[PDB]
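Just so we're aligned, residue 1 is where the sequence shown starts under the authors' numbering, counting upward by one.
C-beta: ideal position from N, C-alpha, C; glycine also.
I have placed the structure first, in the form of structure tokens, so that the comments after it can refer back to it.
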Amino acid sequence: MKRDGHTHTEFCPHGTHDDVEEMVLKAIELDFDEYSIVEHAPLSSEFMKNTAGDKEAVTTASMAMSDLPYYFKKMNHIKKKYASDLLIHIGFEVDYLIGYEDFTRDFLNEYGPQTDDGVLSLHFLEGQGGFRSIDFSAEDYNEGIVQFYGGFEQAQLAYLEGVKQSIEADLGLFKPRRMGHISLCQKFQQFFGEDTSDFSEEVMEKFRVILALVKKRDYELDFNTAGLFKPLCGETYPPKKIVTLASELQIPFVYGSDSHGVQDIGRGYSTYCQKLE
Ligand SMILES: [Fe+3]
Ligand SMILES: [Fe+3]
Ligand SMILES: [Zn+2]
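Okay, here's the thing in structure tokens:
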């Protein structure tokens, strides 16, 4: 079986704007038999008033609430059109917004019924001047988060604390059960002269606490290969060491290409397969 549980569409402001249909055709060409469309859920309007850093990171983050009806219509159309070649799931990559669980829970309670899969991801942390992006750019990440927390490791620990909160969070019945790329704090590794070969003992303990909790919650993890194709990253989310700990805990992994265009489809799938061994 070949499944991709993390893909995006033309409804993504920062995507390549390729049509999801062309992405689905490519996935079929590459023998995938299960495919999930988890587009970025609209951010909280309140949340957007409390951010700092590059505005593009926010304005470009996701589609508007008004686009929702159109998103579901298009995706439900593609789902049926290709049901014969691919089992397509429709959902959202839901942003865990620290301090805004009510908003998220309300959003999920309303639109959750129209979804069939999902991913809960941490993309913003409190930083210099307000909420800051973890993945917009190396310079932005450095000024908004790394310097704010005191250093790369301090940033790692604040990031994992956020991941821990997203797992513990009560976001209703429709809360995603697959945690997105749980080592996103490494996306700009090399810009800080860092890599996954030397996670400190504290960082490792937080990962162990996080994993034990994922198991207890009976959640699963997004094995995201996007990192293998980012200039300053070069690693899968999460790295081998974490994958091994998770597997030993029988925590399920679902391959996630995090595709934002046709050319991303299927990327790093072999790595995913081998890394699980
Ligand atoms: Fe993400
Ligand atoms: Fe994504
Ligand atoms: Zn995206």
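Residue i: CB within 7 Å of a non-hydrogen atom of ligand 2
i, result
"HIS17", "no"
"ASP33", "no"
"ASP258", "yes"
"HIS89", "no"
"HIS6", "yes"
Residue i to residue j span [Cα, whole Å]
i, j, result
"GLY151", "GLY266", "34 Å"
"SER66", "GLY193", "42 Å"
"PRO69", "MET179", "25 Å"
"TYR272", "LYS73", "32 Å"
"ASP198", "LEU122", "23 Å"
"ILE145", "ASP85", "44 Å"
"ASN142", "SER44", "25 Å"
"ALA155", "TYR111", "33 Å"
"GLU21", "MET75", "9 Å"
"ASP106", "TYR100", "10 Å"
"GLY15", "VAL58", "14 Å"
"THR9", "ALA64", "14 Å"
Ligand 1 heavy atom lying under 7 Å from the CB of residue i
i, result
"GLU93", "yes"
"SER121", "yes"
"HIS181", "yes"
Buried or exposed (CB count within 10 angstroms, at least 16 for buried), residue i
i, result
"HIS181", "buried"
"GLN189", "buried"
"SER183", "buried"
"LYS241", "exposed"
"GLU29", "exposed"
"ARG132", "buried"
"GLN274", "exposed"
Nearest-angstrom Cβ-Cβ length linking residue i and residue j, presumed shorter than 8 Å
i, j, result
"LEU120", "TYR96", "6 Å"
Closer than 7 Å: residue i CB and nearest ligand 3 heavy atom
i, result
"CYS233", "no"
"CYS12", "yes"
message = Threshold first: 4 residues or longer. Then list the alpha helix (DSSP H) segments lying entirely within the region 29–78, N to C.
response = If we require 4 residues or more, the alpha helix (DSSP H) runs fully inside the region 29–78 come out as 45–49 and 56–59.
ask   = Unbroken beta strand (DSSP E) runs of length 3 or more, entirely within the region 98–184: which are they?
value = 117–121, 124–127 and 130–133, all fully within the region 98–184.
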